[PDB]
Amino acid sequence: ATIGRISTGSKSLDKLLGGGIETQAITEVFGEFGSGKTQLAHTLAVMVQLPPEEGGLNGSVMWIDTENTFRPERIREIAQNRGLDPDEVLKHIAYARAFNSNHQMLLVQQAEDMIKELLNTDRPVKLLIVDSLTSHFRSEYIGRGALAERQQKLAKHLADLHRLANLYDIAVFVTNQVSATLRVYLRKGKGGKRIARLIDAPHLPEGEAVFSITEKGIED
Ligand SMILES: Oc1ccc2ccccc2c1
């Protein structure tokens, strides 16, 4: 299938990314507290439900939350400020809390079931979010005696996610803190704006995009 792209809500950021985040790819967004990475996740979970003309893929969402950062009220706000029905938008985000790193890996394995069910419907899964990719791994695998296993498990987890992305034409979006992934780094800019910097993309030039966080989620 042709690679599809989901608008981030920001024209500037979309331009940096070659049009939006890609299906058949993992986009990995880094940022310190308040960087905007979870706001970007929330915005994408709304945008993907729009038709292509409006920057979406007429899709459903699956969301794995490791640290209780998903806010349904924020989804409702972004949805309504963009013209969608807030209840319908929430209904099409399948939510799962991951309690630990093993559970997180199991959930990705389990997600395939729902992806298969929705695949040839009017709302196939088009976005799978893991927020955040590493919080449990960081918490559980302490020190050098644990590094080897941590990297192995994380590598397997990323491979599972890549497989879902490629096989089912899904954009995988994961957050992290400092290929395989398209890495974007968020930071505070001037006057409450945020800056995204794209780094080490094989076929997109590095660059920066400045964006805002509003009641619409993120936009220029
Ligand atoms: O109800 C469910 C079950 C499994 C899941 C796996 C990943 C994300 C959401 C999910 C929601």
# chains A, B, ... in the order shown; residues from 1 in each chain; ligands from 1
$ residues_around --residues "residue 18 of chain A" --least-positions-apart "6" --cutoff "12 Å" --atoms "only C-alpha atoms" --output "number ranges by chain"
A: 3-8, 11-12, 182, 198, 201, 203-207, 209
$ residues_near_ligand --ligand "ligand 1" --cutoff "7 Å" --atoms "only C-alpha atoms and all ligand atoms" --output "list in words"
residues 62, 63, 64, 94, 95, 96, 107, 108, 110 and 111 of chain A
$ residues_around --residues "residue 121 of chain A" --least-positions-apart "4" --cutoff "12 Å" --atoms "only C-alpha atoms" --output "ChimeraX atom specification"
/A:58-60,114-117,125-126
$ residues_around --residues "residue 215 of chain A" --least-positions-apart "5" --cutoff "10 Å" --atoms "only C-alpha atoms" --output "count of residues only"
7
$ closest_residue --among "A:147, A:172, A:218, A:195" --to "residue 21 of chain A" --atoms "only C-alpha atoms"
A:172
$ closest_residue --among "A:128, A:106, A:89, A:167" --to "residue 47 of chain A" --atoms "only C-alpha atoms"
A:89
$ closest_residue --among "A:187, A:38, A:46, A:100" --to "residue 76 of chain A" --atoms "only C-alpha atoms"
A:46
$ residues_around --residues "segment 150-153 of chain A" --least-positions-apart "2" --cutoff "9 Å" --atoms "only C-alpha atoms" --output "PyMOL selection string"
chain A and resi 101-102+105+137-138+140-142+146-148+155-158
$ select_by_dssp --residues "chain A" --states "alpha helix (DSSP H)" --output "JSON, numbers by chain"
{"A": [11, 12, 13, 14, 15, 16, 37, 38, 39, 40, 41, 42, 43, 44, 45, 46, 47, 72, 73, 74, 75, 76, 77, 78, 79, 80, 81, 86, 87, 88, 89, 90, 91, 101, 102, 103, 104, 105, 106, 107, 108, 109, 110, 111, 112, 113, 114, 115, 116, 117, 118, 135, 136, 137, 138, 139, 140, 144, 145, 146, 147, 148, 149, 150, 151, 152, 153, 154, 155, 156, 157, 158, 159, 160, 161, 162, 163, 164, 165, 166, 167, 168]}
$ atom_distance --atom1 "atom CA of residue 112 of chain A" --atom2 "atom CA of residue 84 of chain A"
27.1 Å
$ atom_distance --atom1 "atom CA of residue 219 of chain A" --atom2 "atom CA of residue 33 of chain A"
19.2 Å
$ decode --residues "segment 53-77 of chain A" --atoms "N, CA, C and O atoms" --output "short mmCIF file (atom, residue, chain, number, x, y, z; two decimals), in the first residue's frame"
data_model
loop_
_atom_site.label_atom_id
_atom_site.label_comp_id
_atom_site.auth_asym_id
_atom_site.auth_seq_id
_atom_site.Cartn_x
_atom_site.Cartn_y
_atom_site.Cartn_z
N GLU A 53 -8.58 14.64 2.88
CA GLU A 53 -8.66 16.04 2.48
C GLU A 53 -8.40 16.97 3.65
O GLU A 53 -7.95 18.11 3.46
N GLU A 54 -8.70 16.50 4.86
CA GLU A 54 -8.50 17.29 6.06
C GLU A 54 -7.27 16.85 6.86
O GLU A 54 -7.04 17.34 7.97
N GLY A 55 -6.48 15.94 6.30
CA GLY A 55 -5.22 15.56 6.93
C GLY A 55 -5.22 14.26 7.71
O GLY A 55 -4.23 13.92 8.35
N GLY A 56 -6.32 13.50 7.64
CA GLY A 56 -6.38 12.22 8.31
C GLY A 56 -6.41 11.03 7.37
O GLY A 56 -6.14 11.15 6.17
N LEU A 57 -6.76 9.87 7.91
CA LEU A 57 -6.77 8.64 7.12
C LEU A 57 -8.04 7.84 7.40
O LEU A 57 -8.07 6.63 7.20
N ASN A 58 -9.07 8.53 7.86
CA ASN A 58 -10.33 7.87 8.18
C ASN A 58 -10.08 6.64 9.05
O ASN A 58 -10.60 5.55 8.78
N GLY A 59 -9.25 6.80 10.07
CA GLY A 59 -8.83 5.66 10.86
C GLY A 59 -9.24 5.67 12.33
O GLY A 59 -9.69 6.70 12.86
N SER A 60 -9.07 4.51 12.95
CA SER A 60 -9.19 4.32 14.38
C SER A 60 -7.79 4.36 15.02
O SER A 60 -6.76 4.32 14.33
N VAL A 61 -7.78 4.41 16.34
CA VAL A 61 -6.55 4.57 17.10
C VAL A 61 -6.46 3.50 18.17
O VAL A 61 -7.48 3.07 18.73
N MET A 62 -5.24 3.07 18.48
CA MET A 62 -4.98 2.25 19.64
C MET A 62 -3.90 2.96 20.44
O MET A 62 -2.91 3.42 19.85
N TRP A 63 -4.08 3.06 21.76
CA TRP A 63 -3.23 3.88 22.61
C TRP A 63 -2.77 3.11 23.83
O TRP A 63 -3.60 2.69 24.66
N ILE A 64 -1.47 2.90 23.95
CA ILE A 64 -0.89 2.26 25.13
C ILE A 64 -0.25 3.32 26.00
O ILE A 64 0.66 4.02 25.55
N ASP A 65 -0.68 3.40 27.26
CA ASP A 65 -0.29 4.46 28.19
C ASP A 65 0.51 3.81 29.31
O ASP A 65 0.00 2.92 29.99
N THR A 66 1.75 4.24 29.50
CA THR A 66 2.58 3.63 30.54
C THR A 66 2.60 4.42 31.86
O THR A 66 2.89 3.84 32.90
N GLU A 67 2.29 5.71 31.81
CA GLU A 67 2.41 6.55 33.01
C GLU A 67 1.20 7.42 33.28
O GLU A 67 1.31 8.44 33.96
N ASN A 68 0.05 7.03 32.76
CA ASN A 68 -1.19 7.76 33.02
C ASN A 68 -1.12 9.20 32.50
O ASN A 68 -1.36 10.15 33.24
N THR A 69 -0.79 9.34 31.22
CA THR A 69 -0.75 10.65 30.60
C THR A 69 -1.86 10.88 29.57
O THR A 69 -2.00 11.98 29.06
N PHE A 70 -2.67 9.86 29.29
CA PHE A 70 -3.81 10.04 28.38
C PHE A 70 -4.92 10.81 29.08
O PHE A 70 -5.29 10.47 30.21
N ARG A 71 -5.44 11.83 28.41
CA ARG A 71 -6.51 12.67 28.97
C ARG A 71 -7.71 12.71 28.02
O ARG A 71 -7.69 13.46 27.03
N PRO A 72 -8.75 11.92 28.32
CA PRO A 72 -9.94 11.90 27.46
C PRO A 72 -10.53 13.30 27.32
O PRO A 72 -11.02 13.66 26.24
N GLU A 73 -10.48 14.11 28.37
CA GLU A 73 -11.06 15.45 28.25
C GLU A 73 -10.29 16.31 27.25
O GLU A 73 -10.84 17.21 26.61
N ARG A 74 -8.99 16.05 27.11
CA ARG A 74 -8.19 16.77 26.13
C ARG A 74 -8.54 16.35 24.69
O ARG A 74 -8.55 17.16 23.78
N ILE A 75 -8.76 15.05 24.50
CA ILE A 75 -9.29 14.55 23.23
C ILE A 75 -10.62 15.23 22.88
O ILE A 75 -10.79 15.72 21.77
N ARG A 76 -11.54 15.28 23.84
CA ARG A 76 -12.84 15.90 23.60
C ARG A 76 -12.64 17.35 23.19
O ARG A 76 -13.27 17.83 22.24
N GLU A 77 -11.76 18.06 23.89
CA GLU A 77 -11.52 19.46 23.59
C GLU A 77 -10.96 19.64 22.17
O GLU A 77 -11.46 20.46 21.39
#
